[PDB]
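Asks: Please see the structure below; I have some questions.
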Amino acid sequence: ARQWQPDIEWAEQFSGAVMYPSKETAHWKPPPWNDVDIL
Amino acid sequence: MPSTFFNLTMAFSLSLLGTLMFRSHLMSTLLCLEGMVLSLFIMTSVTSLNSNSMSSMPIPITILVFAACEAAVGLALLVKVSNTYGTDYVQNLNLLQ
Amino acid sequence: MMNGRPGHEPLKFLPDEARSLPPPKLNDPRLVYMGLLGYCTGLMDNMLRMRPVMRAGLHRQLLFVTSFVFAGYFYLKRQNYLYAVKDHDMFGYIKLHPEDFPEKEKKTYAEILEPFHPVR
Amino acid sequence: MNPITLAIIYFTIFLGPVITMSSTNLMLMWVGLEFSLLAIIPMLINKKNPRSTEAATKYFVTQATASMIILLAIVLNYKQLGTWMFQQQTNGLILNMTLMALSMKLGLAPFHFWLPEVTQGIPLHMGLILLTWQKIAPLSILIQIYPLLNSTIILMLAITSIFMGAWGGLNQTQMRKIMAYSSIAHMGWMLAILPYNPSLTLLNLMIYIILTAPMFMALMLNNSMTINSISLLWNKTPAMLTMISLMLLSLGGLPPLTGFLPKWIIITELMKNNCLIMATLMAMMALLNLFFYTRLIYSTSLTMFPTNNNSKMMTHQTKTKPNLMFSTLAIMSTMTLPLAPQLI
Amino acid sequence: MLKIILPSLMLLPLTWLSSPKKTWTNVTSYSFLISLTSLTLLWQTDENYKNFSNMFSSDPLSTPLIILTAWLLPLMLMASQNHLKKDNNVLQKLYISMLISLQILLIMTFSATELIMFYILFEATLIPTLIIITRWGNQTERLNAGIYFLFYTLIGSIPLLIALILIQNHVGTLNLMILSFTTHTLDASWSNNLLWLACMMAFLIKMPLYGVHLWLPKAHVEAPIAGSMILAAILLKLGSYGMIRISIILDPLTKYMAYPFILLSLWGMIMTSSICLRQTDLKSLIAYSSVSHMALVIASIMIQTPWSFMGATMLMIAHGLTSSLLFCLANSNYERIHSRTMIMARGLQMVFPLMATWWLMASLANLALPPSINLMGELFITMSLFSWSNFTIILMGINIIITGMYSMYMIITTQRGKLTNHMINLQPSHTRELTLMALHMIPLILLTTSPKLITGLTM
Amino acid sequence: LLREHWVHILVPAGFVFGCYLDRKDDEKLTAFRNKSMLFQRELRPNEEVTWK
Amino acid sequence: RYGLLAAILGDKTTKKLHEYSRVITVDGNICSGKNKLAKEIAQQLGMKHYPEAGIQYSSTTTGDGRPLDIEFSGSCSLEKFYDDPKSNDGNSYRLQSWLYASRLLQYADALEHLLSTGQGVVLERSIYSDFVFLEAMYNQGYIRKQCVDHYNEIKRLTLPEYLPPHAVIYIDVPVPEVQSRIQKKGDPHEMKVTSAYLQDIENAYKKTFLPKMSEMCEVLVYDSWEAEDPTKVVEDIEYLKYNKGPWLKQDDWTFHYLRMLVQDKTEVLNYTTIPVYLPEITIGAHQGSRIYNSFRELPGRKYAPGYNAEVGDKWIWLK
Amino acid sequence: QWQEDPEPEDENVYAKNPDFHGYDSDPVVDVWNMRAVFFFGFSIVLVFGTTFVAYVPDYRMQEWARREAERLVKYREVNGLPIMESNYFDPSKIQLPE
Amino acid sequence: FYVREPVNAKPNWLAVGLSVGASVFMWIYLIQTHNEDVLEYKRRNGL
Ligand SMILES: CCCCCCCCCCCCCCCCCC(=O)OC[C@H](COP(=O)(O)OCCN)OC(=O)CCCCCCCCCCCCCCCCC
Ligand SMILES: Nc1ncnc2c1ncn2[C@@H]1O[C@H](COP(=O)(O)OP(=O)(O)O)[C@@H](O)[C@H]1O
C-alpha cells in the first residue's frame with residue numbers, strides 16, 4: 001500500500017501569488033524567490 | 001484663536017486630504033506632509049503663547065526637530081526611489097501587490 | 001483593574017505583603033508541571049538540533065528543568081498574591097458597601113412553586 | 001552595517017518603544033513613536049532590493065501621517081485642557097483620532113493594507129520586529145488611555161480586522177503575508193477587549209509574540225517564504241515539522257493548546273460585559289483563520305510534498321541550528337494551557 | 001480516576017522509550033491491564049454516584065464508556081499492527097501514542113465534572129483523530145475528509161463555547177453536579193430557543209444527525225482502521241454523552257424545541273438505512289449503518305423518557321462494539337482484497353471459514369436478533385418513541401425492515417456466493433485478525449448476560 | 001534488576017502514583033468527614049476516623 | 001564560531017590578505033590539461049588547490065568523507081551522461097544540477113578558506129564556468145528549454161552573492177585536440193562524446209564565458225603550448241594587476257557578512273533547492289523519504305557531528 | 001516523469017515463518033506478541049474481569065430494594081397502611097400558594 | 001571520524017560549568033527561599 005503522497009500536480013496549485021486565483025489576479029505571477037526583481 | 005485656531009486646524013485637514021490622495025510625484029506628498037508639521041507647530045506655539053504656558057515652549061521646537069529628521073528619512077527614501085526607477089512617481093511602487 | 005489600588009508598588013514584582021501568604025509548596029503540581037514543561041523544552045531542543053534526544057546535554061536538561069522550576073516558584077508566588085489581593089479587595093467592598101450586596105433569604109422549596117412541565 | 005551604526009539604530013528601535021511606555025507626558029510618548037519610525041526604516045532596506053525601497057516608502061508614509069495625526073490629537077488636547085495628556089473631560093473626537101491614528105501604526109482593520117505589503121518585502125527577521133516589537137509601542141499608548149476610548153469604534157475595528165485578516169489569509173500563499181494577515185487578526189482580538197479589560201490585551205499580545213516569534217524563526221531556519229518552500233521541511237529538517245504543526249494550530253484557537261486561552265478569556269470577558277453579539281461573530285470567523293493554518297499544516301506535515309534532488313545536498317551539510325529561543329518559546333507556547341489560571 | 005488516567009499517560013513514555021521490536025507488546029499488554037483497573041469503577045453498590053475528586057467524576061452514564069474507551073486502545077493497537085508495520089519505527093511510535101492520547105483524552109472527557117472541561121477535552125480529541133485520518137489515510141481524499149471532520153465539529157463547537165460561558169454567568173458554575181441540583185429553567189423566549197440550539201448543535205453534529213452527517217461517511221472511508229474504530233465506537237458517542245449531561249439545564253425548551261431534530265432523525269433513520277441498501281463500498285455501508293443507528297439515539301435523548309435514555313445507553317455501548325467489529329473485519333477483507341468494493345471478494349466463507357462466523361455474529365448484532373443488548377436497546381427506544389406518538393412505529397418500522405436487508409446483504413454478497421476466481425490469492429487469516437474480532441464479540445456476549453451495567457442514568 | 005525491566009515498571013508505577021495522588025484527594029476533601037446527616041455516628045470506641 | 005563578535009574583536013579578512021591571495025580558476029574543455037596547470041599554480045603560490053567538483057565531492061566534504069552511494073549523492077552518472085544522451089530519466093540534467101551544487105559548495109568552501117586563512121585558492125572550473133556545459137547540452141538534444149531556465153534561475157539566485165573570480169586562467173585546445181587527448185586516457189564513456197557537443201562547450205567558453213568574465217576579472221588565455229609550462233603561466237599571473245573588478249569594494253565590514261554566508265553551507269545552497277518542480281529534479285516523496293531515512297541512518301550521520309557514537313564520538317552526555 | 005519508487009509488493013509473510021501469528025515478521029517477536037496478548041487479553045481480563053464484575057455486590061442498590069420493599073410491604077400491609085400512598089412529600093409539609 | 005572535525009568533538013567545558021553550576025545555584029537559592037519563606041509566613045501569621 002502507498003498512502004497517496006501528493007504528486008506534482010497537487011503541489012502545483014500552491015504556487016502562484018494567490019491560492020484562489022481571481023479573474024485578473026491570476027494574471028499575476030509568483031514573487032521572485034531571491035526577493036529581487038528584473039526590471 | 002477661537003476662529004484663528006479653526007483656520008490652522010482646517011489647514012491641517014486640507015493638508016490631511018492632501019497626503020492621503022496621491023497623484024504622480026511622491027515629493028508632493030512629502031511636501032504636503034510638511035505642511036501639517038507647520039500647521040501643528042503654529043497651533044502649538046499659538047496656544048502655548050496665549051496660555052502664557054512658557055514651560056511648554058520646549059515642545060513647539062521638539063516637534064520641529066523630530067519632524068525635520070522624519071522628513072530627512074522621507075527624502076532619502078525618495079532619492080532611493082528615483083535611483084531605482086528614475087522617477088518619484090508612485091505608480092512605480094506597485095511591486096508588492 | 002487592580003492597578004491604581006492604594007499602596008500599589010509602582011514597579012515591584014511581589015510586594016512584601018505577599019509574605020503573609022503561604023509559600024508555594026515546591027512540589028505543587030504546577031511547579032512540577034513547569035518542570036516537565038521544561039524537560040520537554042530541553043528534549044525538544046536536542047531533537048531540533050539533531051542530537052541523541054535523551055542522552056545528550058544532560059547538563060542542559062538540568063538547566064532547563066531547573067530554570068523553568070525556579071521561575072515557577074517565584075512566579076506562582078506572585079500570581080498567588082495577585083489573586084489574594086483580589087479577595088482582600090473584593091471581600092472588603094462587599095462590606096464597606098453592604099446595602100448593595102444584601103444577604104438574601106431563599107424560601108424553602110416547600111414555599112417556592114417552580115412550575116412542572118410534564119414529559120409524557 | 002558598520003557595527004556602530006547597527007548599535008545606534010538598534011538602540012533607537014529599542015529606545016523607541018521604551019520611551020513610549022515609560023513616559024506619561026504624551027509628547028514624550030509621541031517622540032517614542034517617532035524614534036521607532038526612524039529606526040525601523042534603515043533596517044527595512046538592508047538588501048536594498050527594488051521590492052525593499054517600495055516597502056520602506058510605504059511603511060514610512062503610512063507611519064508618518066499617522067504620527068502627525070497622533071500629534072494633532074495631543075496639540076488639540078493642549079487647548080482643551082492645559083494638560084499634555086488625555087483626561088476624563090477630553091473631547092470624544094480628540095480620542096477617536098488617536099484610535100484611528102494608532103490603529104494605522106498598528107495596522108488594524110480598514111488600515112490593514114500597508115502591513116501585508118511591507119511584511120512581503122522585508123526579510124524574515126526584520127519581519128518579526130516589524131510585526132511584534134513595533135506593536136508594543138502603540139498598544140501601550142492605547143492601553144494607557146483605555147478608560148477613555150470608544151467601545152463602538154474599537155469593536156468595529158476589531159471585528160473588521162478579524163474578518164480582513166482571515167479573508168486575506170485564505171488566498172495568500174506567501175508565508176510572510178500569511179503572517180502579516182494573522183497579525184492583523186490577532187491584533188483585532190487584542191483591541192476588542194481594550195475598552196473592557198486592558199490586562200487581557202497584554203495577554204493576547206504576549207501569547208501572540210510567544211507564538212509568532214517561534215513561527216518566524218521556523219520560517220527562516222529554512223528561509224522559506226513559500227508554503228511549497230516550507231512543505232519540503234520534512235527533507236531539510238524533520239524535527240521542526242512536529243512543533244510547526246502545533247504552533248500554527250495554536251495560533252488559531254483550537255482547545256488543548258495555549259492559543260485557546262487568549263480567545264477563551266477574551267470571550268469570557270466580553271460575555272461578562274454582555275457583548276454576546278460581537279463576541280459570537282468574532283469567534284466564528286476566527287474559525288476561518290484555522291482553515292488556512294491547517295491548509296499549511298497539510299502541505300508541511302500531514303502530507304509530504306515532492307522535493308528536489310539538490311536537497312539531498314543540503315541534508316549532507318550540517319544544518320546551522322535554530323537558536324534555543326525556538327524551543328523555550330515553542331513549548332511555553334504550544335502547551336502552557338494547563339497553567340492558564342496564573343497567566344491571566 | 002487517575003489510575004485509569006495516569007497509568008495511561010505513562011503508556012506514552014513506554015511507546016517511546018521501549019525497543020522498536022518490543023514496542024507493540026509492551027503497549028498492548030499494558031493497556032489490557034489498564035482496562036482491568038478501569039473495571040473497578042463498575043463497583044457502585046449504591047445510588048450515590050462516585051465523585052472521585054473536584055474535577056473527576058464517574059456516574060452510571062460515563063462508567064460504561066470509560067471502560068469501552070480503555071478497552072478499544074488495546075484493540076486499536078492490535079488492528080493497526082499490520083498496516084503501520086511498514087513504517088520507519090518513529091512513525092509507528094507516533095501512531096501508537098496518538099491512539100494512546102485519544103483514550104487518555106476520551107477517558108477524561110467521559111469522566112469530567114465541569115462541562116467546559118468536556119469542551120476543551122471534547123474538541124481536543126479532533127487533533128489526535130485528524131492526524132490519524134490525514135497522516136496515515138490511504139486515499140487521495142483524506143485531506144478533504146480531514147477538512148470536513150474539523151470544520152463541521154469546529155463550527156458547531158464555538159456556539160457551545162459561547163453557550164457554556166453564558167450559563168456560567170447566568171448560574172455561576174459549569175459543575176455538572178451543581179447545575180443539576182440548582183434551578184436552571186429556561187424561559188421559552190426566542191433567545192433561549194437559540195441557547196438550546198447552541199448547546200445541542202455541537203453535540204448533534206458529531207452524533208451525525210440526518211442534516212449534518214456527510215462528515216462521517218467521508219471520514220471513515222479514507223480513515224485507517226484504528227481511526228474508523230475510534231470514530232464509530234468512542235468519537236460519535238462523545239456527542240451523545242454531551243447531550244445527556246447538557247439537557248439537565250435547558251429543561252423546559254426541549255419539550256417543544258426537539259420536534260425539528262426528532263423528525264429529522266426518524267426520517268433520516270429511514271433514508272440513511274436505505275442508501276446502505278445500494279452502496280458499493282463496504283466501509284461506506286457500515287458508516288451509514290452507523291448514522292441510522294445513531295439517529296435512533298438522538299431520538300431518544302430528545303424524547304427524554306427514562307426508557308429512552310437507557311435504551312440509548314444500551315445501544316450506544318452495544319452499537320459501538322458491533323460497529324468496530326464490522327469496521328475491523330471490513331479492513332481484513334480490504335487488506336487482502338486491496339479494494340473497498342463490496343461486489344469483489346464473493347464467497348469468502350469458502351476460503352476463510354471462521355472470519356465468516358465472526359461476520360455472521362456481527363451482522364446479527366447489527367440487525368436486532370433478540371438475546372443481544374443491541375435489540376434490548378432498540379426495543380426500548382422503540383417503546384418510548386411509540387409513547388411520544390403511536391405513529392412513530394411506522395418510521396421506526398421501515399428502518400427495522402431495511403436494517404435487516406442491508407445487514408444480511410453484507411453477509412450475502414461478501415461472505416457467500418461463488419468464490420472470486422483469482423483475485424490475488426487470499427492468504428489465510430492471522431490469529432491477530434481473529435482475536436481482534438473475538439475481543440470485540442466476547443465482551444458483547446458477556447454484557448448481554450447482565451445488561452444492568454450499561455443501562456444508563458435513568459435506570 | 002534495572003535492565004529493560006525498568007521500562008516494564010513505568011506503567012505499574014503510574015498506577016501506584018495514581019492511587020497515591022488519589023488517596024491524597026480524599027485527605028483534602030475530608031470536611032463533612034463524618035458530619036453528613038445520613039451517616040453521622042458517634043465515633044465507636046478506638047476509632048478516630050469514620051472513613052479514611 | 002565566526003560572527004560579529006569575532007569580527008568586532010579583530011578577525012578581519014582585511015588583515016589576512018596578501019598579494020598571492022586571490023580566487024583563480026582555470027577553465028578548459030573536457031580535457032584541457034587544466035588539472036595539471038592547476039596543481040602547479042597551486043604549488044607556486046602555496047594556493048590551496050581545490051579539485052574539480054565531483055558527484056561525491058559533497059560527501060568527501062561532509063562527515064567521514066568516504067564516497068556516498070549514488071542514490072545518496074543524487075543518483076547522477078557522468079558515465080550514463082555519455083552512453084545515454086537525451087535519456088528518458090534525464091540523468092544528464094540531474095548530473096548538471098548536482099554539479100552546480102557541488103561547485104557552489106566548493107566555491108563557498110574556497111571563499112571560507114580565503115577569508116579565514118588568507119591563503120588564495122585555485123578552483124579549476126567554477127560556478128562561473130559551468131553554464132558552458134548546459135549551453136552545449138541545450139544546443140544538443142541533451143536538455144530541453146525549461147530545463148535550461150531552471151538552471152539559469154538557480155544561477156541568478158545564488159551566483160551573484162559570491163564575489164567574482166579574481167582572474168580566470170584559461171586553456172584552449174581545438175576540438176580535434178581534445179578528442180585525441182581523450183583517446184590517450186581511454187574510458188568507454190568519456191570516449192563517446194559527440195564532437196559537436198565539445199564544439200558547443202568551448203564555444204560557450206569563447207563566445208560567452210571568456211568575454212563576460214574579462215571585464216569583471218582578469219581573463220588570461222593560454223594556448224596549449226603556453227600550457228604544460230606552469231612556470232610561464234604562473235609567471236603571468238604574478239604579472240597581472242588585480243585592479244578591475246567588484247573585489248575592490250570589499251571592506252572588512254563587508255567581508256564579514258560574506259564570510260558568515262560561506263560559513264553556512266546550508267545557506268550557500270539554500271536556493272539550490274528552490275521548490276520549482278521540473279520533473280528530472282524532483283526526488284518524489286516516497287523515494288525521497290526512503291533515501292533520507294537511509295542517508296540519515298549512515299553511521300555518524302544519524303546525529304550532528306560530534307554526537308553520533310557509532311564512529312567513536314564521546315562525551316555526548318555533557319555536550 | 002519525476003523520480004519515484006516502483007510499487008512495493010506485499011510479502012507473503014506466510015511463505016517464511018509458516019507459523020506467522022500476524023503480529024511481526026521475525027518469529028520469536030510474533031510468538032511473544034501473542035503469548036502475551038491472548039493472555040493479558042483473554043486470560044486475565046475476560047476471566048478475572050468478568051469474575052470481579054459478576055461479584056460487584058447489589059450494584060446500584062437493586063439487591064437492597066427487593067428487601068426494603070419486602071419489609072415495607074410486610075410492615076405496610078400488616079399495619080393496614082396503603083402500600084404506596086398516593087402523595088409522597090406529605091401534604092402538611094407543602095405550603096401551597098394560598 | 002569526520003573530515004571536518006566536528007566542532008563538538010570535545011565538550012565546551014565552560015558551557016558545562018555555567019550550566020551545571022548555574023542550576024545548583026538556582027536550587028540552593030530556591031530551597032533556601034522556601035524554608036525562609038515558610039518561616040516568615042508562619043510567624044507573620046500567628047503560626
Ligand atoms: C492534548 C493532546 C493533543 C494531541 C496529542 C497527540 C498529538 C500531538 C501533536 C502531533 C502533531 C504532529 C502530527 C504529525 C507529525 C508528523 C511527524 C512525522 O511525520 O515524523 C517525522 C518526525 C521527525 O523525525 P525525527 O524525530 O527527526 O526522527 C528521528 C530518527 N532517529 O518524527 C517526530 O517528530 C517524532 C517526535 C514527534 C513528537 C512526539 C509526539 C508524541 C505524541 C505526543 C502525545 C502528547 C499526548 C498529550 C496528552 C494530553 C492529555 C491531557
Ligand atoms: N557541468 C557539467 N556537465 C556535464 N559534464 C561535465 C560538467 N562538468 C564537467 N563535466 C565532465 O567531466 C569530465 C572530466 O573533466 P576534466 O576533469 O576536465 O577531464 P580531465 O580530468 O581529463 O582533464 C569532462 O569530460 C566533462 O564532460
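Following the order of the C-alpha cells, chains are lettered A, B, ..., residues in each are numbered from 1, and ligands are numbered from 1.
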Mind dumping a table of every chain C residue within 8 Å of ligand 1, with the nearest atom pair and its distance in Å to one decimal, using only C-alpha atoms and all ligand atoms, sorted by chain and rising number, as CSV?

Replies:
```
residue,atom,partner,partner_atom_place_in_ligand_line,distance
C:47,CA,ligand 1,26 (O),6.4
C:48,CA,ligand 1,27 (O),7.4
C:50,CA,ligand 1,27 (O),7.0
```

Asks: Let me have all residues with an atom within 6 Å of ligand 2, counting only C-alpha atoms and all ligand atoms, laid out as a CSV table (one decimal) with N, CA, C and O atoms, in the first residue's frame.

Replies:
```csv
chain,number,residue,atom,x,y,z
G,30,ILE,N,36.7,19.5,-22.0
G,30,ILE,CA,36.7,18.3,-21.2
G,30,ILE,C,38.1,17.8,-20.9
G,30,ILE,O,38.3,17.2,-19.9
G,31,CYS,N,39.1,18.1,-21.7
G,31,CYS,CA,40.4,17.7,-21.4
G,31,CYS,C,41.4,18.7,-21.8
G,31,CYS,O,42.2,18.6,-22.7
G,32,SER,N,41.6,19.8,-20.9
G,32,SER,CA,42.5,20.8,-21.3
G,32,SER,C,43.8,20.8,-20.6
G,32,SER,O,44.6,21.7,-20.6
G,33,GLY,N,44.0,19.7,-19.8
G,33,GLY,CA,45.2,19.6,-19.0
G,33,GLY,C,45.2,20.6,-17.9
G,33,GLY,O,46.2,20.8,-17.3
G,35,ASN,N,43.9,20.3,-15.2
G,35,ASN,CA,44.1,19.6,-13.9
G,35,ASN,C,45.6,19.8,-13.6
G,35,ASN,O,45.9,20.2,-12.4
G,96,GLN,N,24.0,17.6,-14.2
G,96,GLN,CA,24.4,19.0,-14.2
G,96,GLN,C,24.0,19.8,-13.0
G,96,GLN,O,24.8,20.6,-12.5
G,99,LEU,N,26.1,18.9,-10.2
G,99,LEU,CA,27.5,19.5,-10.4
G,99,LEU,C,27.5,21.0,-10.0
G,99,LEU,O,28.4,21.4,-9.3
G,130,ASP,N,30.4,26.9,-15.4
G,130,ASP,CA,29.5,25.7,-15.5
G,130,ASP,C,28.5,25.8,-16.7
G,130,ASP,O,28.3,24.8,-17.3
G,133,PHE,N,28.6,23.9,-20.2
G,133,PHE,CA,28.1,22.5,-20.4
G,133,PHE,C,26.6,22.5,-20.7
G,133,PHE,O,26.2,21.9,-21.7
G,190,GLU,N,33.8,8.4,-21.5
G,190,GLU,CA,34.3,9.7,-21.8
G,190,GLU,C,34.6,9.7,-23.3
G,190,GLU,O,34.4,10.7,-24.0
```

Asks: Could you name the residues that touch residue 203 of chain E at 7 Å or less, counting only C-alpha atoms, but leaving out those on the same chain fewer than 6 positions away, as a list in words?

Replies: residues 239, 240, 242 and 243 of chain E

Asks: Tell me as JSON, numbers by chain which residues belonging to chain B come within 10 Å of chain D, counting only C-alpha atoms.

Replies: {"B": [5, 9, 12, 13, 16, 19, 20, 26, 29, 30, 33, 34, 36, 37, 39, 40, 41, 43, 44, 45, 46, 47, 48, 51, 53, 56, 59, 60, 62, 63, 66, 67, 69, 70, 71, 72, 73, 74, 75, 76, 77, 78, 80, 81, 84, 85, 90, 92, 93, 94, 95, 96, 97]}

Asks: What are the nearest atom pairs, with distances in Å to one decimal, for all residues of chain C that come at most 10 Å from chain D, using only C-alpha atoms, set out by chain and rising residue number as CSV?

Replies:
```
residue,atom,partner,partner_atom,distance
C:1,CA,D:197,CA,7.3
C:2,CA,D:199,CA,9.4
C:3,CA,D:199,CA,9.9
C:30,CA,D:339,CA,7.0
C:31,CA,D:339,CA,9.6
C:33,CA,D:338,CA,8.4
C:34,CA,D:336,CA,8.5
C:37,CA,D:331,CA,7.0
C:38,CA,D:328,CA,8.0
C:40,CA,D:331,CA,7.5
C:41,CA,D:327,CA,5.5
C:42,CA,D:327,CA,7.5
C:43,CA,D:327,CA,9.0
C:44,CA,D:327,CA,6.4
C:45,CA,D:327,CA,5.6
C:46,CA,D:327,CA,9.3
C:47,CA,D:239,CA,6.2
C:48,CA,D:239,CA,5.2
C:49,CA,D:321,CA,5.6
C:50,CA,D:239,CA,8.0
C:64,CA,D:328,CA,9.0
C:68,CA,D:328,CA,9.5
C:75,CA,D:342,CA,8.6
C:76,CA,D:342,CA,7.0
C:78,CA,D:342,CA,9.0
C:79,CA,D:342,CA,5.6
C:80,CA,D:342,CA,7.6
C:82,CA,D:342,CA,9.2
C:83,CA,D:342,CA,8.7
```

Asks: May I have the residues from that selection written out with C-alpha atoms, as a PDB file, in the first residue's frame?

Replies:
```pdb
ATOM      1  CA  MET C   1      -8.075  46.951  37.023  1.00  0.00           C
ATOM      2  CA  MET C   2      -6.154  46.108  40.167  1.00  0.00           C
ATOM      3  CA  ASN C   3      -3.669  48.833  39.299  1.00  0.00           C
ATOM      4  CA  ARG C  30       2.021  23.389  38.847  1.00  0.00           C
ATOM      5  CA  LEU C  31       5.709  23.806  39.600  1.00  0.00           C
ATOM      6  CA  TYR C  33       4.357  20.782  35.524  1.00  0.00           C
ATOM      7  CA  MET C  34       6.673  23.622  34.794  1.00  0.00           C
ATOM      8  CA  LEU C  37       7.292  21.589  30.562  1.00  0.00           C
ATOM      9  CA  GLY C  38      10.961  22.337  30.907  1.00  0.00           C
ATOM     10  CA  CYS C  40      10.393  18.771  27.231  1.00  0.00           C
ATOM     11  CA  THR C  41      11.863  22.041  26.063  1.00  0.00           C
ATOM     12  CA  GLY C  42      15.225  20.504  26.613  1.00  0.00           C
ATOM     13  CA  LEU C  43      14.388  17.306  24.860  1.00  0.00           C
ATOM     14  CA  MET C  44      12.842  19.256  22.035  1.00  0.00           C
ATOM     15  CA  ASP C  45      15.942  21.316  21.609  1.00  0.00           C
ATOM     16  CA  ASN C  46      18.081  18.254  21.353  1.00  0.00           C
ATOM     17  CA  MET C  47      15.750  16.974  18.704  1.00  0.00           C
ATOM     18  CA  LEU C  48      15.669  20.092  16.551  1.00  0.00           C
ATOM     19  CA  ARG C  49      19.438  20.262  16.720  1.00  0.00           C
ATOM     20  CA  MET C  50      19.689  16.579  15.807  1.00  0.00           C
ATOM     21  CA  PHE C  64      16.054  23.543  31.717  1.00  0.00           C
ATOM     22  CA  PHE C  68      11.664  26.611  34.488  1.00  0.00           C
ATOM     23  CA  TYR C  75       6.056  33.485  39.631  1.00  0.00           C
ATOM     24  CA  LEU C  76       3.428  31.403  41.291  1.00  0.00           C
ATOM     25  CA  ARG C  78       3.265  36.300  42.842  1.00  0.00           C
ATOM     26  CA  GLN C  79       0.280  35.175  40.885  1.00  0.00           C
ATOM     27  CA  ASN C  80      -0.820  33.709  44.173  1.00  0.00           C
ATOM     28  CA  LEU C  82      -2.360  38.830  42.965  1.00  0.00           C
ATOM     29  CA  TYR C  83      -5.283  36.518  43.447  1.00  0.00           C
TER      30      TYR C  83
END
```

Asks: Using only C-alpha atoms, find which residues of chain A lie within 9 Å of chain D and jot them down as a list in words.

Replies: residues 4, 5, 6, 7, 8, 10, 11, 12, 14, 15, 16, 17, 18, 19, 20, 21, 30, 31, 33, 35, 36, 37, 38 and 39 of chain A

Asks: Using only C-alpha atoms, which residues of chain C come within 8 Å of chain I, and what is the closest atom pair for each, with the distance in Å to one decimal? Give it as CSV, sorted by chain and residue number.

Replies:
```
residue,atom,partner,partner_atom,distance
C:19,CA,I:41,CA,5.9
C:20,CA,I:41,CA,5.2
C:21,CA,I:41,CA,6.2
C:22,CA,I:41,CA,5.7
C:23,CA,I:38,CA,6.0
C:24,CA,I:34,CA,7.8
C:25,CA,I:34,CA,7.8
C:26,CA,I:34,CA,7.6
C:59,CA,I:20,CA,5.7
C:60,CA,I:19,CA,6.4
C:62,CA,I:23,CA,6.9
C:63,CA,I:23,CA,5.4
C:66,CA,I:23,CA,6.0
C:67,CA,I:23,CA,7.1
C:70,CA,I:30,CA,6.4
C:73,CA,I:30,CA,7.7
```

Asks: For the selection you just gave me, I'd like the residues written to a file as a PDB file, in the first residue's frame, keeping N, CA and C atoms.

Replies:
```pdb
ATOM      1  N   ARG C  19       4.300  38.306  51.773  1.00  0.00           N
ATOM      2  CA  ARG C  19       4.955  37.398  52.681  1.00  0.00           C
ATOM      3  C   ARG C  19       3.892  36.705  53.490  1.00  0.00           C
ATOM      4  N   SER C  20       2.852  37.438  53.845  1.00  0.00           N
ATOM      5  CA  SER C  20       1.799  36.871  54.667  1.00  0.00           C
ATOM      6  C   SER C  20       1.176  35.616  54.081  1.00  0.00           C
ATOM      7  N   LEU C  21       1.187  35.477  52.764  1.00  0.00           N
ATOM      8  CA  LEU C  21       0.572  34.324  52.142  1.00  0.00           C
ATOM      9  C   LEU C  21       1.480  33.127  52.277  1.00  0.00           C
ATOM     10  N   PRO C  22       0.917  31.920  52.274  1.00  0.00           N
ATOM     11  CA  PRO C  22       1.725  30.710  52.357  1.00  0.00           C
ATOM     12  C   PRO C  22       2.611  30.584  51.140  1.00  0.00           C
ATOM     13  N   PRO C  23       3.832  30.078  51.302  1.00  0.00           N
ATOM     14  CA  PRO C  23       4.689  29.858  50.142  1.00  0.00           C
ATOM     15  C   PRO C  23       4.226  28.664  49.345  1.00  0.00           C
ATOM     16  N   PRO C  24       4.420  28.692  48.030  1.00  0.00           N
ATOM     17  CA  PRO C  24       4.005  27.583  47.177  1.00  0.00           C
ATOM     18  C   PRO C  24       4.825  26.366  47.496  1.00  0.00           C
ATOM     19  N   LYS C  25       4.189  25.238  47.775  1.00  0.00           N
ATOM     20  CA  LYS C  25       4.918  24.014  48.029  1.00  0.00           C
ATOM     21  C   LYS C  25       5.711  23.668  46.807  1.00  0.00           C
ATOM     22  N   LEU C  26       6.998  23.414  46.967  1.00  0.00           N
ATOM     23  CA  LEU C  26       7.849  23.165  45.813  1.00  0.00           C
ATOM     24  C   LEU C  26       7.315  22.057  44.909  1.00  0.00           C
ATOM     25  N   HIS C  59      23.602  18.132  30.927  1.00  0.00           N
ATOM     26  CA  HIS C  59      23.777  19.316  31.742  1.00  0.00           C
ATOM     27  C   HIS C  59      22.646  20.263  31.392  1.00  0.00           C
ATOM     28  N   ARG C  60      22.339  20.381  30.109  1.00  0.00           N
ATOM     29  CA  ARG C  60      21.307  21.304  29.690  1.00  0.00           C
ATOM     30  C   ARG C  60      20.033  20.770  30.253  1.00  0.00           C
ATOM     31  N   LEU C  62      19.286  19.502  32.816  1.00  0.00           N
ATOM     32  CA  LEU C  62      19.183  20.123  34.129  1.00  0.00           C
ATOM     33  C   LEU C  62      18.962  21.622  34.181  1.00  0.00           C
ATOM     34  N   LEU C  63      19.679  22.369  33.360  1.00  0.00           N
ATOM     35  CA  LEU C  63      19.442  23.789  33.326  1.00  0.00           C
ATOM     36  C   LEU C  63      18.000  24.051  33.024  1.00  0.00           C
ATOM     37  N   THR C  66      15.546  23.003  35.708  1.00  0.00           N
ATOM     38  CA  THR C  66      15.807  23.775  36.911  1.00  0.00           C
ATOM     39  C   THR C  66      15.644  25.255  36.711  1.00  0.00           C
ATOM     40  N   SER C  67      15.551  25.694  35.465  1.00  0.00           N
ATOM     41  CA  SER C  67      15.307  27.100  35.195  1.00  0.00           C
ATOM     42  C   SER C  67      13.823  27.327  35.221  1.00  0.00           C
ATOM     43  N   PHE C  70      12.596  27.074  38.798  1.00  0.00           N
ATOM     44  CA  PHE C  70      12.980  28.221  39.585  1.00  0.00           C
ATOM     45  C   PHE C  70      12.032  29.326  39.264  1.00  0.00           C
ATOM     46  N   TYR C  73       8.380  28.898  41.068  1.00  0.00           N
ATOM     47  CA  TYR C  73       8.154  29.232  42.456  1.00  0.00           C
ATOM     48  C   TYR C  73       8.022  30.709  42.616  1.00  0.00           C
TER      49      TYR C  73
END
```

Asks: Interatomic distance between atom CA of residue 4 of chain F and atom CA of residue 431 of chain E?

Replies: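 Computing the Euclidean distance for atom CA of residue 4 of chain F and atom CA of residue 431 of chain E yields 27.5 Å.
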
Asks: Take atom CA of residue 108 of chain G and atom CA of residue 161 of chain G and report the distance between them in Å, one decimal.

Replies: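 So the answer is 10.5 Å.
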
Asks: Any idea what the distance is between atom CA of residue 51 of chain F and atom CA of residue 30 of chain F?

Replies: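 Computing it gives 8.9 Å between the two atoms.
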
Asks: Chain G near chain E within 10 Å: what's each residue's closest atom pair and its distance in Å to one decimal, counting only C-alpha atoms, ordered by chain then ascending residue number, as a Markdown table?

Replies:
```
| residue | atom | partner | partner_atom | distance |
| --- | --- | --- | --- | --- |
| G:289 | CA | E:88 | CA | 9.8 |
| G:290 | CA | E:88 | CA | 9.1 |
| G:293 | CA | E:88 | CA | 7.8 |
```
